[PDB]
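Read the single chain below, which is given as structure tokens and is the form deposited in one PDB entry.
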């Protein structure tokens, strides 16, 4: 009964979303903890938790880590993260006791700047080459090195955009992509942070709407909701 992906990858993108739709319809009724739990043993080998360590990493990390102690938390260090972000990571990894897996580029910041230069100034294609070598490739390498078939991510339908095309469960790169706190909203996250004594990212309480990288990389529908009426 345990899901077979070597057969799911032998299926088109639509038969996939349709076949999986029957399973997702069920995951839609369960809570974030139930989804992680369901995923724990209904899906196969190696479960990883990739985080960006931004404004709300503390939620998914604490939740998933409590459920599964010393879980491979993947952190693709681009090389130019905010200083306060690193300290936020080193603060969490020690507070939450995480099995941190750091994955940076094949070359360093100085190496990339000498080999290619400031890619972010070189337009979209440059930013693409930047994101490919700093985030994409490192992640693709992380999944393989850790031999994962299941991968948890703290994505929400709210952050930038992940409307009803982003199911709680999915298959990105031959790996079961799981998003527990998908239907969660800013209130629920803020409340979770309060109830568990977890703090927001040090920068969020200054002005940085959505921190990530520094080097001209980082700098919200006009509203949020108390629920329309």
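Each form is matched to the other, and the largest set of C-alpha atoms that superpose within 1.5 Å is called the rigid core. Numbering follows the first chain given and starts at 1.
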What does the record say about the segment between residue 219 and residue 220: how many deposited residues are without coordinates (none, 1 to 3, 4 to 9, 10 or more)? 10 or more
Going by the B-factors listed in the PDB entry, is the mean over the C-alpha atoms higher for 201-209 or for 5-13? 5-13
Average Cα temperature factor in the PDB entry - higher stretch of 22-30, 174-182: 22-30
By the entry's C-alpha temperature factors, tell me which of 66, 60, 50, 160 sits highest. 160
Based on the entry's values, in what third of the chain does the Cα temperature factor of residue 43 lie: lowest, middle or highest? highest
Splitting the chain's C-alpha B-factors into thirds, which one does residue 37 fall into? lowest
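The same protein also exists as the form deposited in another entry; that form is not shown, yet it is the one meant from here on.
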Flagged residue of 162, 188, 42, 66 - C-alpha shift reaching 2 Å or more between this form and the one not shown, core superposed: 162
For residue 14, state whether the C-alpha moves by 2 Å or more between this form and the one not shown after rigid core superposition. yes
So the Cα-Cα distance between residue 162 and residue 195 shifts by 3 Å or more in the other form; is it shorter or longer than what we see here? farther
Cα separation of residue 162 and residue 127 in the other form versus here, shift of 3 Å or more: closer
